[PDB]
Amino acid sequence: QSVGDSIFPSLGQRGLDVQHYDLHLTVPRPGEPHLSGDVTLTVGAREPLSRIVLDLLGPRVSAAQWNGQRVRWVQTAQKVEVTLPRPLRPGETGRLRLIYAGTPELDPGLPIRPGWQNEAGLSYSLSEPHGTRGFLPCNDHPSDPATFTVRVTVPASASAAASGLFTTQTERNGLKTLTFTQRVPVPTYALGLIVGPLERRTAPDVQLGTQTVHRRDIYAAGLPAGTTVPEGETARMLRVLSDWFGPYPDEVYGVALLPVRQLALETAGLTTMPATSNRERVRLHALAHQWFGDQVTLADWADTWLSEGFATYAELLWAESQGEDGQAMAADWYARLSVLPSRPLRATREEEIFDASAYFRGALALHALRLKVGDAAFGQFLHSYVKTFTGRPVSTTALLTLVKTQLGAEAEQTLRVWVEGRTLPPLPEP
Ligand SMILES: [Zn+2]
Ligand SMILES: [Zn+2]
């Protein structure tokens, strides 16, 4: 009944297609985990669903409605299960509204404890792979991206930032409510959401051939001296990356710089950026994920290399665009891998999905493919890959099939050497 993920086999509901989350989240004390929520999911289905089953971990549901009517529901250890008056069938949509409140809950196999983070007067989502269920009843699996509208209610002395265009801020009874609209669909973990002492700072629009990309970064209080985004760097990165991948998927881009010590997460249009991770290559990496991870989403967590490896390889494309020697950079990555265990790129265990192979063997896989077919065909292929897997989750098998179709059998064989096999292949060289 779950999505059947090979790494996280309990998450999600098979066949559920959440199309939109309309979330009103109230955070009474930023930096403390308690919260209350009011969410309406607009849901479709790929198969008839007699129940809607959502992931939820911590908060307690107090009320539920289906299309504005009372509905039967039960909350278990990690799910909310709603019985519909009749099955939701493919092509239809319905509105599931859930009222909930409590404490989001945050596994040695992962680099972080994902979910609703609380520290230093800030509460924020750092929820890859499966933490969003802590503060939002959701289909918590990247095969089911969705658009989001988020209203965050916080004390008037605080502020908030969520993924999407910021439209309105209202204040009453000492409470401030800010509204954000994420209009291109992304996975649940790509929903950025930060509350606390933060401020928005805009930059000039970035004009790309096909689109305009708005610019704003979020700065939290307490940042280390020298925490910045170099002026004009983001526009050049957008230009270089979009020339390689195709149009930037979203309407805005920036980073939310936080004074915490943590990994950077490619939350949609607004990367969640602990100051300790704020380096050029990480900023490029997180922006590349806006394509590889946020627009092109994973069908299964075993295939994280399709996100982490592509985003990593984007750093090398960026370096070359700035005049650096890409082969030396690939050689540096290879030297690092040569003294570490290697594995086939499809992960078999949770401990692997963010390991060195997902990043650097994944990137070197693309390096091998690029060297086999030349830069023109490689760029054309990346454009085709993004379009092919827009609106459709990707898998390693589907990648190889597309390479075979678009680039030919020898290209596919080159990639397969890197995708398959326990030992590390030789360094890809011209
Ligand atoms: Zn969806
Ligand atoms: Zn990454």
# chains A, B, ... in the order shown; residues from 1 in each chain; ligands from 1
$ residues_around --residues "residue 176 in chain A" --least-positions-apart "2" --cutoff "12 Å" --atoms "only C-alpha atoms" --output "ChimeraX atom specification"
/A:25-28,151-160,168-174,178-179,195-196
$ residues_near_ligand --ligand "ligand 1" --cutoff "10 Å" --atoms "only C-alpha atoms and all ligand atoms" --output "list in words"
residues 15, 16, 17, 18, 19, 20, 21, 42, 43, 44, 45, 139, 141, 142, 143, 144, 145, 146, 147, 185, 186, 187, 188, 391 and 392 of chain A
$ select_by_dssp --residues "range 123-213 of chain A" --states "strand (DSSP E)" --output "VMD selection string"
chain A and resid 123 to 126 146 to 155 159 to 162 165 to 172 175 to 186 193 to 196 198 to 208 211 to 213
$ closest_residue --among "A:354, A:219, A:189, A:385" --to "ligand 2" --atoms "only C-alpha atoms and all ligand atoms"
A:354
$ closest_atom_pairs --of "chain A" --to "ligand 2" --cutoff "7 Å" --atoms "only C-alpha atoms and all ligand atoms" --output "tab-separated table"
residue	atom	partner	partner_atom_place_in_ligand_line	distance
A:265	CA	ligand 2	1 (Zn)	6.9
A:285	CA	ligand 2	1 (Zn)	6.3
A:286	CA	ligand 2	1 (Zn)	6.2
A:289	CA	ligand 2	1 (Zn)	6.6
A:307	CA	ligand 2	1 (Zn)	6.7
A:308	CA	ligand 2	1 (Zn)	4.5
A:311	CA	ligand 2	1 (Zn)	6.2
$ write_last_selection --atoms "N, CA and C atoms" --output "PDB file, in the first residue's frame"
ATOM      1  N   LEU A 265      20.737  22.416   1.982  1.00  0.00           N
ATOM      2  CA  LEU A 265      19.681  21.636   1.351  1.00  0.00           C
ATOM      3  C   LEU A 265      19.026  22.486   0.274  1.00  0.00           C
ATOM      4  N   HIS A 285      26.278  23.709  -6.359  1.00  0.00           N
ATOM      5  CA  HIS A 285      25.653  22.405  -6.151  1.00  0.00           C
ATOM      6  C   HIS A 285      24.164  22.532  -5.835  1.00  0.00           C
ATOM      7  N   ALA A 286      23.821  23.374  -4.857  1.00  0.00           N
ATOM      8  CA  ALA A 286      22.422  23.512  -4.446  1.00  0.00           C
ATOM      9  C   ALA A 286      21.568  24.098  -5.562  1.00  0.00           C
ATOM     10  N   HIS A 289      20.795  21.398  -8.110  1.00  0.00           N
ATOM     11  CA  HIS A 289      19.699  20.547  -7.636  1.00  0.00           C
ATOM     12  C   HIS A 289      18.321  21.090  -8.001  1.00  0.00           C
ATOM     13  N   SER A 307      20.473  12.683  -8.389  1.00  0.00           N
ATOM     14  CA  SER A 307      20.436  14.038  -7.850  1.00  0.00           C
ATOM     15  C   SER A 307      21.828  14.498  -7.426  1.00  0.00           C
ATOM     16  N   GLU A 308      22.460  13.755  -6.507  1.00  0.00           N
ATOM     17  CA  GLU A 308      23.733  14.209  -5.945  1.00  0.00           C
ATOM     18  C   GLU A 308      24.856  14.168  -6.971  1.00  0.00           C
ATOM     19  N   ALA A 311      24.225  17.098  -9.573  1.00  0.00           N
ATOM     20  CA  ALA A 311      24.509  18.371  -8.927  1.00  0.00           C
ATOM     21  C   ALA A 311      26.004  18.543  -8.690  1.00  0.00           C
TER      22      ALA A 311
END
$ residues_around --residues "residue 190 in chain A" --least-positions-apart "4" --cutoff "8 Å" --atoms "only C-alpha atoms" --output "list in words"
residues 127, 128, 186, 265, 266, 267, 268 and 294 of chain A
$ atom_distance --atom1 "CA of residue 119 in chain A" --atom2 "CA of residue 230 in chain A"
26.8 Å
$ residues_around --residues "residue 348 in chain A" --least-positions-apart "4" --cutoff "12 Å" --atoms "only C-alpha atoms" --output "list in words"
residues 5, 6, 7, 8, 300, 301, 302, 303, 304, 343, 344, 352, 353, 354, 355 and 358 of chain A
$ write_last_selection --atoms "N, CA and C atoms" --output "compact mmCIF listing (two decimals), in the first residue's frame"
# COMPACT_ATOMS: atom_id res chain seq x y z
N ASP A 5 9.14 2.22 -1.75
CA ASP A 5 10.54 2.62 -1.89
C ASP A 5 11.47 1.52 -1.40
N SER A 6 12.55 1.28 -2.15
CA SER A 6 13.47 0.21 -1.78
C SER A 6 14.26 0.55 -0.52
N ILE A 7 14.47 1.83 -0.24
CA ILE A 7 15.22 2.23 0.95
C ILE A 7 14.29 2.51 2.13
N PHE A 8 13.15 3.15 1.88
CA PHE A 8 12.20 3.54 2.93
C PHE A 8 10.84 2.94 2.60
N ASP A 300 12.85 6.56 -6.64
CA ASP A 300 13.25 5.69 -5.55
C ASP A 300 14.50 6.26 -4.90
N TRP A 301 14.57 6.21 -3.57
CA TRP A 301 15.71 6.77 -2.87
C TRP A 301 17.02 6.03 -3.15
N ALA A 302 16.96 4.82 -3.70
CA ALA A 302 18.19 4.14 -4.10
C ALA A 302 18.94 4.90 -5.20
N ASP A 303 18.26 5.79 -5.94
CA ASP A 303 18.85 6.48 -7.08
C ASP A 303 19.30 7.90 -6.75
N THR A 304 19.67 8.17 -5.49
CA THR A 304 20.09 9.53 -5.12
C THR A 304 21.22 10.04 -5.99
N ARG A 343 30.98 1.25 -4.95
CA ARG A 343 29.76 0.47 -5.05
C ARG A 343 29.10 0.80 -6.38
N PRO A 344 28.22 -0.08 -6.87
CA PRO A 344 27.35 0.31 -7.98
C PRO A 344 26.50 1.50 -7.56
N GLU A 352 24.12 4.34 2.30
CA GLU A 352 24.80 4.65 1.05
C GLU A 352 24.23 5.85 0.32
N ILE A 353 22.98 6.24 0.58
CA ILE A 353 22.32 7.15 -0.35
C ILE A 353 22.97 8.53 -0.38
N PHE A 354 23.71 8.92 0.66
CA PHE A 354 24.47 10.17 0.60
C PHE A 354 25.96 9.94 0.80
N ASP A 355 26.47 8.80 0.35
CA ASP A 355 27.88 8.50 0.55
C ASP A 355 28.72 9.07 -0.59
N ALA A 358 27.63 8.28 -4.24
CA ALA A 358 26.47 8.97 -4.78
C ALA A 358 26.86 10.32 -5.38
$ atom_distance --atom1 "CA of residue 393 in chain A" --atom2 "CA of residue 297 in chain A"
4.9 Å
$ residues_around --residues "range 361-369 of chain A" --least-positions-apart "4" --cutoff "7 Å" --atoms "only C-alpha atoms" --output "list in words"
residues 305, 309, 310, 312, 313, 330, 345, 357, 373, 411, 414, 415, 418 and 428 of chain A
$ residues_around --residues "range 377-382 of chain A" --least-positions-apart "3" --cutoff "10 Å" --atoms "only C-alpha atoms" --output "ChimeraX atom specification"
/A:243-246,310,366-367,369-374,385-388,402-403,406-407
$ write_last_selection --atoms "C-alpha atoms" --output "mmCIF file, in the first residue's frame"
data_model
loop_
_atom_site.group_PDB
_atom_site.id
_atom_site.type_symbol
_atom_site.label_atom_id
_atom_site.label_comp_id
_atom_site.auth_asym_id
_atom_site.auth_seq_id
_atom_site.Cartn_x
_atom_site.Cartn_y
_atom_site.Cartn_z
ATOM 1 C CA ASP A 243 22.833 27.017 -20.845
ATOM 2 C CA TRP A 244 23.774 23.433 -19.953
ATOM 3 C CA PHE A 245 20.480 22.094 -18.588
ATOM 4 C CA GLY A 246 17.736 24.211 -20.130
ATOM 5 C CA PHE A 310 24.418 15.462 -11.369
ATOM 6 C CA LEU A 366 28.665 11.713 -16.194
ATOM 7 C CA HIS A 367 32.271 12.693 -16.886
ATOM 8 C CA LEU A 369 29.630 9.789 -20.698
ATOM 9 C CA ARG A 370 30.579 13.367 -21.608
ATOM 10 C CA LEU A 371 34.047 12.334 -22.770
ATOM 11 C CA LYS A 372 32.594 9.511 -24.874
ATOM 12 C CA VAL A 373 30.095 11.665 -26.819
ATOM 13 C CA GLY A 374 31.700 15.129 -26.826
ATOM 14 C CA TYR A 385 17.133 14.435 -19.978
ATOM 15 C CA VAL A 386 15.577 17.352 -18.073
ATOM 16 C CA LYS A 387 12.669 17.642 -20.516
ATOM 17 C CA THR A 388 12.169 13.867 -20.594
ATOM 18 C CA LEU A 402 17.425 7.390 -22.625
ATOM 19 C CA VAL A 403 21.207 7.401 -23.161
ATOM 20 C CA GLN A 406 19.545 9.487 -27.570
ATOM 21 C CA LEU A 407 23.301 8.838 -27.616
#
$ closest_residue --among "A:322, A:125, A:262, A:13" --to "residue 112 in chain A" --atoms "only C-alpha atoms"
A:262
$ residues_around --residues "residue 253 in chain A" --least-positions-apart "3" --cutoff "9 Å" --atoms "only C-alpha atoms" --output "VMD selection string"
chain A and resid 213 to 217 234 238 250 268 to 271 287
$ select_by_dssp --residues "range 184-266 of chain A" --states "alpha helix (DSSP H)" --output "list in words"
residues 233, 234, 235, 236, 237, 238, 239, 240, 241, 242, 243, 244 and 245 of chain A
$ write_last_selection --atoms "N, CA and C atoms" --output "short mmCIF file (atom, residue, chain, number, x, y, z; two decimals), in the first residue's frame"
data_model
loop_
_atom_site.label_atom_id
_atom_site.label_comp_id
_atom_site.auth_asym_id
_atom_site.auth_seq_id
_atom_site.Cartn_x
_atom_site.Cartn_y
_atom_site.Cartn_z
N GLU A 233 27.32 36.73 -8.56
CA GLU A 233 27.69 35.34 -8.76
C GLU A 233 26.47 34.49 -9.13
N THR A 234 25.34 34.71 -8.47
CA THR A 234 24.19 33.84 -8.71
C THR A 234 23.68 33.98 -10.15
N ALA A 235 23.73 35.19 -10.70
CA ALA A 235 23.27 35.39 -12.07
C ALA A 235 24.16 34.65 -13.06
N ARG A 236 25.48 34.71 -12.86
CA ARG A 236 26.39 33.99 -13.75
C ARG A 236 26.16 32.49 -13.66
N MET A 237 25.97 31.97 -12.44
CA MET A 237 25.69 30.55 -12.26
C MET A 237 24.39 30.16 -12.95
N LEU A 238 23.34 30.97 -12.78
CA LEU A 238 22.07 30.69 -13.46
C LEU A 238 22.28 30.63 -14.96
N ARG A 239 23.08 31.55 -15.50
CA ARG A 239 23.34 31.60 -16.93
C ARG A 239 24.12 30.37 -17.38
N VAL A 240 25.20 30.03 -16.66
CA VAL A 240 26.00 28.87 -17.05
C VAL A 240 25.17 27.60 -16.92
N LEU A 241 24.46 27.43 -15.81
CA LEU A 241 23.76 26.17 -15.61
C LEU A 241 22.58 26.03 -16.57
N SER A 242 21.81 27.10 -16.77
CA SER A 242 20.68 27.01 -17.70
C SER A 242 21.14 26.79 -19.14
N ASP A 243 22.31 27.30 -19.51
CA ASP A 243 22.83 27.02 -20.84
C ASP A 243 23.20 25.55 -21.01
N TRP A 244 23.46 24.85 -19.91
CA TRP A 244 23.77 23.43 -19.95
C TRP A 244 22.54 22.55 -19.82
N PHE A 245 21.58 22.96 -18.98
CA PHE A 245 20.48 22.09 -18.59
C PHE A 245 19.15 22.46 -19.22
#
$ atom_distance --atom1 "CA of residue 260 in chain A" --atom2 "CA of residue 129 in chain A"
19.6 Å
$ closest_residue --among "A:131, A:209, A:102, A:222" --to "residue 191 in chain A" --atoms "only C-alpha atoms"
A:131
